[PDB]
Amino acid sequence: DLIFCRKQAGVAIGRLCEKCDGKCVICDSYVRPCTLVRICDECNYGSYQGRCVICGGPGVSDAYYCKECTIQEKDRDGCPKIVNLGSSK
Amino acid sequence: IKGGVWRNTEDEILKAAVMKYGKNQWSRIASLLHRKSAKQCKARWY
Amino acid sequence: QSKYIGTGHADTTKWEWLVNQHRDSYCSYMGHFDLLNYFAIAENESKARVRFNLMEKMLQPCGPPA
Amino acid sequence: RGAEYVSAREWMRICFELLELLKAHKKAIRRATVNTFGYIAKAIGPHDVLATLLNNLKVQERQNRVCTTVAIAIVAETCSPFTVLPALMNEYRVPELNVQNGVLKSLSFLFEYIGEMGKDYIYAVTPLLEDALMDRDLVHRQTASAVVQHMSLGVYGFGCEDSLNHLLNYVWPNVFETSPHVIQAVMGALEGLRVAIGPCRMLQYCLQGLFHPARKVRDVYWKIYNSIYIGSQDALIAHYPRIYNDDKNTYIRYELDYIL
Amino acid sequence: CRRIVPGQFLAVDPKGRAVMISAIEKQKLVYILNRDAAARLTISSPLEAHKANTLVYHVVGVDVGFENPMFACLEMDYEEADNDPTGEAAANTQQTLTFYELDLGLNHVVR
Amino acid sequence: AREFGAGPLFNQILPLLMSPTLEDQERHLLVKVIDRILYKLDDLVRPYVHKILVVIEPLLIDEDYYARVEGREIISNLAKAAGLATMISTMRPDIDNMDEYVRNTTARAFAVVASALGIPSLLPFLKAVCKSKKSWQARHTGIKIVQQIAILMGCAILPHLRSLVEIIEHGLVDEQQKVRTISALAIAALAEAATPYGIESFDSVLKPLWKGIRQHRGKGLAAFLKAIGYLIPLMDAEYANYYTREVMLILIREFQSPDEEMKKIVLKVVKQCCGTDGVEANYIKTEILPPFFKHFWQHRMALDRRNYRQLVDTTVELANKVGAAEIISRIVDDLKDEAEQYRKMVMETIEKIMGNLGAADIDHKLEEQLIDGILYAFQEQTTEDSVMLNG
Amino acid sequence: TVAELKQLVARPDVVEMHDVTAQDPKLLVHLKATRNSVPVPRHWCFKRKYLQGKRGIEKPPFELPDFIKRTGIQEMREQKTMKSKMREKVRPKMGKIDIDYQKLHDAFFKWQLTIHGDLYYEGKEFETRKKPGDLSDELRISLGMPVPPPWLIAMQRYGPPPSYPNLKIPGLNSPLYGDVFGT
Amino acid sequence: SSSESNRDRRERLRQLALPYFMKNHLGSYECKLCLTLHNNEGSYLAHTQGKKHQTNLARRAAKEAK
RNA sequence: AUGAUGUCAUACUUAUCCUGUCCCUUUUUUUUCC
Ligand SMILES: [Zn+2]
Ligand SMILES: [Zn+2]
Ligand SMILES: [Zn+2]
Ligand SMILES: [Zn+2]
């Protein structure tokens, strides 16, 4: 019902809302923000400008990856903007 | 909300509790069980 | 996983697994300047002709399937 | 910020009041709560407050216990855990099981927050993980495995791999099960162990399982072997063993046998 | 060094509009370059040329002045060779030369 | 699932999900069971596909949003679950169906299935449909399908944009009206998801459109204005100089129509046309602003929702060009107006404006009227909301 | 044939019962005998789901590493009425542990398994690592011999045991230090 | 916390009424005849107070007496 | 000496949950008069 879109990673910076603000996306954790999130403008566009990567609210900050997902190199896969398995809006 | 079906665990624990405390103290026995009241424990005994 | 080449599964055959590790070895050879140069030294050719023979052996190796 | 203006007695009372704030149905409440608990942990110092954490009845599940666990972590950071560990490790002794798995979680988050500093304490935790990973009940194997994970990412590159191999022994039997949380746990485990130990040892545990007659073993060992395969696919080359060539196919890669 | 991961072969347009990066197999990516308002170089978002089961011998930039850029990709398909138990596809299979055309307006890369 | 088979289930379900007395929750739950069983059954559902969609397509048009995202999800799972030819061969007879309802919701259905199985697979079907010579209703449907594909897929339309345009272009000149209207509308949706790229793909479409801009009365006109509106940001500031300067006239003249569809369109238009970097301030300041604040700022608008928002945005952008003190200076006096929602509107407008441009431009007296306005409006609050506070 | 398949391997012992049913035995024969690789765990074909609580009910709860034992925390940790608990909140006393931060800056620095060839499986604990030639301390005490165990004097006369034929025990054919008198 | 008192009180009550029931190295209750694991001793006791647990003791009774 | 079938029951897991959210459902026989 909820899974990654995994379109090619662009240069656009990730945007998280109030709620999701502190979370590293994949590890679900708050620890050691280090690197930065990138998603395609196909996932981030228009009404998605400054949109949350998750809930669909306005982004108040930018997501940072953990060090855990860093060494395991998961941050380099397709754009980790969750799509519900209906549309994205 | 508290009401519901009686369970072998609740029923055996009711046996032991009645054995230990005695017949006239219901509030003490209802204290041990969950989702059941004193009236229900007494009427369930008798 | 599927769209990631080299993905295995329970039904994976010998032939496919070994031809995989072959092709990956060859991409490593194309990759590392030195080890390539070692190959050029040992069997005398150009760096070029080496890489060329490898690129010929990419699809074949072990030969036909079963 | 200030924290000096108020006497310690007031503080510890604040603690014993903070303890039941963890019934909150909201996540941000618990957030601020734990971080505060760390701050006052700095204002006082570890032993008393971590003892007050270990007082916990564990009474309900999540919703929460494990928040107290997080407090044990952050408290172990705020002043050196280099002090705190023996108390905890002793408190695994207690026969009550849910708090045993509790302190296992405490180790997990603990290494997650400490990172590099685990280059020492690995040894201390190693035999206890042995006791925990050896299974009383599944949650032991699971949580302990998570500990092995975060430890395994944290210690990377510092030369402690040996004991991590030893622990990998006891990790290895747990590979088989259908329980989602323990199987995904074990997956994270063996991934961290992949990066820490290096692929060669992993693959040396994953070879024979690939072609085994049964379907189960192949399903799993191929899942593992894929996890090992995607990352570090570049470094695997050396470790594929020698496999003899059959009739129609040449399975020997002779390039590696060119000798000057 | 990977099989499918780019960085292996590298080409760029004479006008420097778009640089094309490529692996040995399956992945050929393009970054478009334009100087900023200050004439300082800014890089675009990537694109995807992906073509399944295709070996890339070499990639060379192509000259088209102020046009939709072209790229010369040497390719070969082994999918003919894997499904041919006889071994005929080992021979009788010629490496395909393909020119990809980047298109700025449509902002994708079409064969 | 695998045991009972899809036949008995749907036979015993579809009546319930069809029930006239159905709840909200009960509906949603039956939707859940349909999903969960359709994660398993794959080849089995082929006979029931239409028999499903007939109940499900009403989920796509609904007041509830979550109902809509659910519906799109389960039709995605159904189409991908079944085969392409299953879907196609299934859903043809609903194209010419007398009722337009089924035609519409069916169009959104094709949108969903096309998101599932991709545009190029389904193209020849469409491209065959829009050229159907039987009757117009079909072509109307297929064009609507082009649109709903534009909305759903959105940014991802990009590769096949050319072929899509090449399909739709033949309807702009058709003798029937609807087909023309909905056509140009679909161009609009395209370009809006086409945000700037692929301008030349729309190329051959233009010259008729501009011509039509002259001769049209009524809704179709406004529709063209919608299309052209979303187009202009995609043109070159030189060609779009001329073309824009032509659009401005009609844009002016058409402020006054009572049609609210009209006012929406021409509004967003004014945003895009006059928010163009290649437009001169003074020309807007003279020609536009006085009629703009005259007709557009009224208590018909603000009570509505979409008109409220869009109005906010357009005004914000006009501020972004002509500057701050103008707009604010004209709308300050309305902070003291009776109604709330209106005060809320000008209040959030001032908020965004002073957010972007900065307060430095503001003079003294107008600043007195500012602070007094903001206190006064803040002193009467019928509801609790952030707009006044953040403001 | 499972018979002749055993002639094609350097260590045919690796071939087992279900091995002959493998989809590719002609390889797995060559893998399973690979130099340093380790065997698959044995808990499958046992339907018991990898464990039971038979031997696991006699285990100790836990025992600390000696480095943590010398510290002294063990005695500090060890009860309370409810009103004393609400008194413990109103009264409260501080510093019950009162640890020495020097000591816990000392132990883990100043003071402070298995190789790769092993892997754990379900029931295995002690046995492999009491064998012919290897006994426990106390039973030495009952035996009462000062530092062969004396019935390996009779393993001279009557012969090497049928049960453990590979046997060597000290002084006879096995040419011994501490406890372990045979291997 | 009130919940904590119940756990304590329902262990002691199942200790009074209690030779087979025990507690493993973890905290769970177990019947050493039947090899069953019980979430709460009272819940476990009921299984311990059941007619199946009864039988398997008699069967092991006979099985030893032979 | 733990197989299968049962809507008995209790523990337990996931820093999952509990506040986010309304924005393109606007669908009709073209039809706003110096
Ligand atoms: Zn995407
Ligand atoms: Zn969010
Ligand atoms: Zn992460
Ligand atoms: Zn029993």
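Going by Swiss-Prot, the residues shown for chain D are 1045-1304, listed in order.
Note that Cβ sites are derived from N, Cα and C of the backbone, with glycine treated the same way.
Under the heading site 'Interaction with RNA', Swiss-Prot lists D:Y1049, D:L1141, citing experimental evidence as support. Annotated repeat 'HEAT 9' per Swiss-Prot: D:1052-1090, in sequence order. Annotation comment: Swiss-Prot describes D:1122-1160 as repeat 'HEAT 10'. Look at Swiss-Prot and you will find D:1163-1201 tagged as repeat 'HEAT 11'. Residues or ranges marked as site 'Interaction with SF3B3' by Swiss-Prot on the basis of experimental evidence: D:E1205. Per Swiss-Prot, region 'Interaction with SF3B3 and SF3B5' is recorded for D:1248-1304, and the stated evidence type is experimental evidence.
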Local Cβ density at D:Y1049 (site 'Interaction with RNA') - other Cβ atoms counted within 10 Å: 7
Integer Cα-Cα distance in angstrom, D:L1141 (site 'Interaction with RNA') to D:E1205 (site 'Interaction with SF3B3'): 30
Assigned element (helix, strand, coil) containing D:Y1049 (site 'Interaction with RNA'), judged by DSSP: coil
Within-chain partners of the repeat 'HEAT 9' (D:1052-1090) [C-beta distance under 8 Å, separation at least 6 from its ends]: 1096, 1099-1100, 1107-1108, 1111-1112, 1114-1115, 1118-1123, 1127-1128
Tertiary contacts of the repeat 'HEAT 11' (D:1163-1201), as residues 6+ beyond its ends and Cβ separation under 8 Å: 1125-1126, 1129, 1133, 1136, 1141, 1144-1145, 1148-1149, 1151-1153, 1155-1156, 1207-1208, 1210-1212, 1214-1215, 1218, 1221, 1223, 1225-1226, 1229-1230, 1232-1233, 1235-1237, 1239-1241
Same-chain residues at least 6 apart in sequence whose Cβ lies under 8 Å from D:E1205 (site 'Interaction with SF3B3'): D:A1240, D:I1241, D:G1242
Neighbour tally for D:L1141 (site 'Interaction with RNA'), based on other Cβ positions within 10 Å of its Cβ: 19
Chain H, Cβ under 8 Å: which of the recorded sites D:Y1049, D:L1141, D:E1205 qualify: D:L1141
Secondary structure content of the region 'Interaction with SF3B3 and SF3B5' (D:1248-1304), with strand meaning DSSP E or B: 26 helix, 0 strand, 31 coil
